[PDB]
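Read the single chain below, which is given as structure tokens and is the form deposited in one PDB entry.
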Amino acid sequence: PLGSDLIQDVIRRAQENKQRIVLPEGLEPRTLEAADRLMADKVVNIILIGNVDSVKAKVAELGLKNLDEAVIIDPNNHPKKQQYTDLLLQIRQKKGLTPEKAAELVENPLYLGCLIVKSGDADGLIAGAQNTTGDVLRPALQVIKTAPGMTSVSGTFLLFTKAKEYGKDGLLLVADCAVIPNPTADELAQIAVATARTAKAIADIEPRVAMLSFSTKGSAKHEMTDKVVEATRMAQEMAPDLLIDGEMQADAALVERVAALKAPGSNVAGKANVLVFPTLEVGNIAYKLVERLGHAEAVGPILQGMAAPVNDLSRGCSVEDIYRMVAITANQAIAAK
């Protein structure tokens, strides 16, 4: 119930600017059920990957009545197979892919799905109900690649807290909580800019980005603090339109009275709604403790920094969670154009 209002807004913005979303796991029942609801509610235009007769059989078997307009693409046989094979070789031959092996890969639903998006025949992709994170992300990084002026992808969570005096009515975006173990200064700056733009695209927030540390504005100098200082500088340079400040402690980021004392004349401190963590140790631990010990609702991870949005579901994701992640993906696609 925390963040059902925001998710309702995300669904509506998807509905108002309809994106084409590829679901490579076209025989997975949770995926198909979610696809049926998304098409009933006209949230997105669905593309399912699988043998056409098998997918249609499974749709009829699950009693789904809203998928007649879904496009179904058999990776073994479809009119753009050679085109996508040629595109794949163009992207990946140099990197050791033979035409022999390109012909195999193009028949793998995850690779095919990424090539559909990359070609401009779709706007985004969701998988991972029946694949590992790595098998989803790898083709996405190889084929779709990163957005202009970015070399790294990262994972953000929407963190809907019960503390409505922080963030946007209790919501903060937090990153990187899933992908990069130990970002360099450069990576951390890219995380900062990416998360701010996700904040704008998904949460309709005016981002104020806190680059977190155990130091605030030189209070605790150390090797680990220097990286966050450099990251802050480089983020500010990469994006002069965005409010980004650091290094600061979490209390300076969130609490006006502490901001006044330790970070005076920051335009972020005391008002942060985006938190950038210096390592995955920090991010992975911190968001889970806020989720459990704070009773916060965490939505994600949401992958950011891709030229076109790919998201990765968990293997235990509900129908409603798949629906939700597709709606988010559509919003990321709108932002990417």
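The first residue of the sequence shown is number 1, and the count goes up from there. We call the rigid core whatever largest set of C-alpha positions still superposes within 1.5 Å between the two forms.
Novice: Could you check the entry and say whether 328 to 336 or 2 to 10 has the higher mean CA B-factor?
Specialist: Result of the comparison: 2 to 10.
Novice: May I ask you to compare 197 to 205 and 245 to 253 by their mean CA B factor in the entry and name the higher one?
Specialist: It is 197 to 205.
Novice: Please pick out which of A127, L88, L159, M211 has the largest Cα B-factor as recorded in the entry.
Specialist: Reading the PDB entry, the winner on C-alpha B-factor is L88.
Novice: So among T133, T184, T225, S154, who wins on Cα B-factor in the entry?
Specialist: Of the options given, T225 has the highest CA B-factor in the PDB entry.
Novice: Among all modelled residues of this chain, ranked by Cα B factor, put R20 in the bottom, middle or top third, i.e. lowest, middle or highest.
Specialist: Its C-alpha B-factor belongs to the lowest third of this chain's values.
Novice: Within this chain's modelled residues, let me know which third the CA B factor of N273 belongs to: lowest, middle or highest.
Specialist: Lowest third, going by the recorded CA B-factors of the chain.
Novice: Quick one: classify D123 as lowest, middle or highest third of the chain based on its Cα B-factor.
Specialist: CA B-factor rank for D123: lowest third.
Novice: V319: which third of its chain by C-alpha temperature factor?
Specialist: Middle third of the chain for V319's C-alpha B-factor.
Novice: Consider only the C-alpha atoms of the modelled residues in this chain, order them by B-factor as the entry records it, and name the third containing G113: lowest, middle or highest.
Specialist: Lowest third.
There is also a form deposited in another entry; it is not shown, and the following applies to it.
Novice: If you fit the rigid core and then compare C-alpha positions between this form and the one not shown, only one of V282, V268, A308, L64 moves by 2 Å or more. Name it.
Specialist: Spelled out, the residue whose C-alpha shifts by 2 Å or more is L64.
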